[PDB]
C-alpha cells in the first residue's frame, strides 16, 4: 500500500459522509453497464465468514415485476418506479458445515486433504459450539444473512465512490417477496431466501448526516 493506492483520512471521511440513503431518484438517469458491474464487484469481493460467500444478487430491472413489488414494498414504493437498478440479495439456507454447499466453499480454497480436515473441524466447532447456529433453521439462515449485509455495505460504499446514489432496503414483506421471486423461478426456495435489498441511481431531491457522537458509541478498554 502507498500514497497512490490510499485515500487520506479527509477523503475517507468525505466518502462515508457522502454515502447516504436516497429515496427520490431521477428516472431519466441510468447507471452505465460498466459502473453497475463495478458495484456488483464490490459485493462479490466482500469478505464472509469461512469464505462462505453465501449470497446471490438478483438484479430486478423488469418493470412489470417492479410494479408488482410496490404493493408489498412500502419502504421502497417511491423508488421502484425511478431507480436505475434494484438488487435483491439472497442468503443461503441450511449452510451447515456438512452440507454440499460447504464442499464448494472449501474446494475453492485450494487446500490439501489434511488442511481441509483441519478447516472443517474449525468450522464445525464454530457453528455448533461457538456461535450456536444449529439452534434452528432460522438461526443458521440469519448467520448467512449477516454476511450478506457486508456485501450490501460494500455495494453502497462502492456506488458512492463512483458518484452513484443508493438506498439499503428492509421495508418489504419478506414472505410475499420470497414467494413472488420463487414463483418467478429466480431461485430454489429450499436453498436460498431473501435477505435484504438495495436501490441504486441518481437522486432527484437533496439529502446532512445524523448520528450518535463517537463518544456515545465507542468505549476504550486500555
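Residue numbers count along the first chain shown, from 1.
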Deposited residues omitted from coordinates between residue 207 and residue 208, as a class = 1 to 3
Between 164 to 172 and 63 to 71, which has the larger average Cα B-factor in the PDB entry?
-> 63 to 71
Mind pulling up the entry and telling me whether 144 to 152 or 79 to 87 has the higher mean Cα temperature factor?
-> 79 to 87
Could you tell me which one of 128, 98, 114, 137 shows the highest CA temperature factor in the PDB record?
-> 114
From the entry's CA B-factor values, the highest among 157, 195, 49, 32 is 32
Can you work out whether the C-alpha temperature factor of residue 122 puts it in the lowest, middle or highest third of the chain?
-> highest
State the tercile, meaning the lowest, middle or highest third, of residue 45 with respect to the CA B-factors recorded for its chain.
-> lowest
Among the chain's modelled residues, which third holds the C-alpha B-factor of residue 21?
-> lowest
Residue 191: CA temperature factor from the record, placed by chain third, in the middle
